[PDB]
Amino acid sequence: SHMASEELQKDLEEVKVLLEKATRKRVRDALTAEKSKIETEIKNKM
Amino acid sequence: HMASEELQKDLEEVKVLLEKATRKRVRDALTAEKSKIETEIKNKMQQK
């Protein structure tokens with residue numbers, strides 16, 4: 001369900017897959033901002 | 001600060017990533033970034 005740990009892990013994995021492909025700074029910055037948000041949501045679960 | 005040619009390369013890549021992405025929040029974030037880039041390109045083409 002919404003905001004379940006497994007859903008956040010799937011979000012994070014996709015952002016990492018796309019960061020491996022991305023080369024443009026502007027696009028990488030947008031992806032890294034999302035990555036940071038998802039990682040915080042995961043860490044918040046402790 | 002922005003350059004038309006560089007924004008067009010960013011647009012090309014955002015498009016490529018959007019071919020691939022499967023997760024709703026990631027697709028939404030990339031679509032929003034694409035839209036912002038397109039607005040900036042329009043303004044730079046006007047200013048050329």
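Below, all heavy atoms of this structure are taken into account, side chains as well, without hydrogens, waters or symmetry copies. Lettering follows sequence order; numbering is per chain, from 1.
The nearest pair of heavy atoms linking B:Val26 to A:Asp11 is CG2-O, 4.2 Å. Across all their heavy atoms, B:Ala29 and A:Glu34 have their closest contact at CB-OE1, 4.0 Å.
A salt bridge is absent between A:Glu14 and B:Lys20; no separation between the charged side-chain nitrogens and carboxylate oxygens falls under 4.0 Å.
Listed by sequence position, A:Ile38, A:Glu41 are the residues of residues 38-46 of chain A in contact with chain B, using a 4.5 angstrom heavy-atom cutoff.
Counting heavy-atom neighbours within 6.0 Å of B:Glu5 CD, excluding the residue itself, gives a total of 12 or less.
For a residue to count as touching a neighbouring chain, one of its non-hydrogen atoms must lie under 4.5 Å from one of that chain's; by this rule B:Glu12 does not touch chain A.
Top candidate by heavy-atom pairs under 4.5 Å with chain A, chosen from B:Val14, B:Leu30, B:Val16, B:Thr22, is B:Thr22.
Atoms NZ and NE2, from B:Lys24 and A:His2 in turn, are 13.0 Å apart once rounded to the nearest 0.5 Å.
No side-chain donor-acceptor contact under 3.5 Å links B:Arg23 to the backbone of A:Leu8.
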